[PDB]
Amino acid sequence: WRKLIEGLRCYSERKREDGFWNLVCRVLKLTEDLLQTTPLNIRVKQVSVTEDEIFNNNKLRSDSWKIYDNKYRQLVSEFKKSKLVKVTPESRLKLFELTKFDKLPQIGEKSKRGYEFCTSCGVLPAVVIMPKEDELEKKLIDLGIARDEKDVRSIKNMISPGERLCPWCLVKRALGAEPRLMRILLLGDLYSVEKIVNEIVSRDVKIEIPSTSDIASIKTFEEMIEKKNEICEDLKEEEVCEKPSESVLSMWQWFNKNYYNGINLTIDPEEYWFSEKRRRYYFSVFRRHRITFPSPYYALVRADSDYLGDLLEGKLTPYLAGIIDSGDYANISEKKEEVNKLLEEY
RNA sequence: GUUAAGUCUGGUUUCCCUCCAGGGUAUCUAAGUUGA
Ligand SMILES: Nc1ncnc2c1ncn2[C@@H]1O[C@H](COP(=O)(O)OP(=O)(O)NP(=O)(O)O)[C@@H](O)[C@H]1O
Ligand SMILES: [Mn+2]
Ligand SMILES: [Zn+2]
């Protein structure tokens, strides 16, 4: 964790320009002793086994073959018991004096109620406060966020107006800027923390991670690219149907397979057809072309396997989900019938 | 044995509808949340 955060500090210092990287530098130096703590605690449990348990002093044993199914179950038992207490990674930090006594670095705006809460985190206090979208430059510059007019556009590119950030979620934004710093962790033990920063600052590559606006507007984009110029001549002006300037690629397969198809997929729908100053013009444009105006909804599809824990424990609740409860194993003498049937079949 | 003269009456009374069928079958509805 600390190798990643320090490699991030060095990669950001390699870019004292671009505003956002400069703000990241400026607030990292103020929050180290808070950013020392990892944002994600781990639980580690071990289980021991010796030759007293496996061998009759020269060979294997009988009930030695079952020694794994016993130690694995001991391990999972202690995991289950320790999961009875959840401690959150925020409880580890020392903030009493930093909040009671104003000590927090408030680079950005200043709260009129002590400190702000992170909009991305919810619980941690905010370090980088962004003014609301009414007049930014005339504030972003007299405050400490930006230095010029050119650097606001790059700060405003990652931190929307109004986004308060805690050190952890701000570091998350920083990593999201270019997610190639992950090789500090992805490899580890293999290259220096500086080999990688040099490699990244050498071959500059920008990535476009899709927002919920991009997902909601998928079929709209798709229906604009089957009218490549037949819709472009109408606009021809607002960079929606203009050249791919750089060679930006991304992990979104649909974005990656549909980029060189006339329409610039890296526009923000919150700017064009989800905006409040535009989108009437865009309603007209889509009306004039048989374009189904986009819905603001997307699908968050989650899925988890059923009883894979018990399955690794060789239980039968995976096999009979609902019939055999997990609690039915405490005294399995009751449901002898279904287990007998299916186990014998198998 | 003879004379005369016809006169009275001018269809009534019942029954005027009874019984059964008083709707049956088929369709019972089909076809068709979007933007801030
Ligand atoms: N024996 C195991 N080895 C490795 N990972 C495990 C093991 N048991 C659980 N996990 C993972 O650690 C987490 C434990 O969550 P948990 O939900 O209890 O697992 P589970 O077996 O899937 N129970 P459930 O998902 O409710 O059916 C999940 O991310 C599991 O994928
Ligand atoms: Mn699971
Ligand atoms: Zn945060």
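Note that these values count all heavy atoms, side chains included, but never hydrogens, waters or copies made by symmetry. Chain identifiers are assigned alphabetically (A, B, ...) following the order of the sequence lines, protein sequences preceding nucleic acid strands; residue numbering begins at 1 within each chain.
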Q | Sugar geometry class by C1'-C2'-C3'-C4' for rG32(B) | A | south

(Q) I need the CD-P distance between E270(A) and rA36(B), as an integer number of Å. (A) 13 Å

Q. In whole angstrom, what separates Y297(A)'s OH from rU34(B)'s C1'?
A. 11 Å

Q) Is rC19(B) stacked on its strand neighbour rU18(B) by the under 5.5 Å, under 30° ring test? A) yes

Q: Give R280(A) one of three labels, base, sugar-phosphate or nothing, depending on what nucleic acid heavy atoms sit under 4.0 Å from its own.
A: sugar-phosphate

(Q) I need the OH-P distance between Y281(A) and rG35(B), as an integer number of Å. (A) 21 Å

**Q.** Integer-rounded Å distance: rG35(B) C1' and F274(A) CZ
**A.** 11 Å

**Q.** Given the sign of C1'-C2'-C3'-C4', the sugar pucker at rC28(B)
**A.** south

Q: Check the distance between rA36(B)'s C1' and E276(A)'s CD and give it to me in whole angstrom.
A: 9 Å

Q: State, without any angle test, whether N157(A) and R153(A) hold a side-chain donor-acceptor pair at a distance under 3.5 Å.
A: no

Q. Do you know which of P294(A), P269(A), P296(A) makes side chain to side chain contact (heavy atoms under 4.5 Å, CB included) with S213(A)?
A. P269(A)

Q | Donor + acceptor pair across side chains of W273(A), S217(A) (<3.5 Å) | A | yes

Q: Select base, sugar-phosphate, or nothing to describe what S295(A) touches, counting heavy atoms under 4.0 Å on all strands.
A: sugar-phosphate

Q) Do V205(A) and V248(A) share a hydrophobic cluster, counting only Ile, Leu, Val, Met, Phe, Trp and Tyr and linking them when any side-chain heavy atoms are less than 4.5 Å apart? A) no

Q. Taking a positive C1'-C2'-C3'-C4' angle as north and a negative one as south, how is the sugar of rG10(B) classified?
A. south

Q. In whole angstroms, how far is the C1' atom of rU34(B) from the NZ atom of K219(A)?
A. 12 Å

Q) Roughly, in whole Å, what's the span from CZ in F283(A) to P in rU34(B)? A) 14 Å

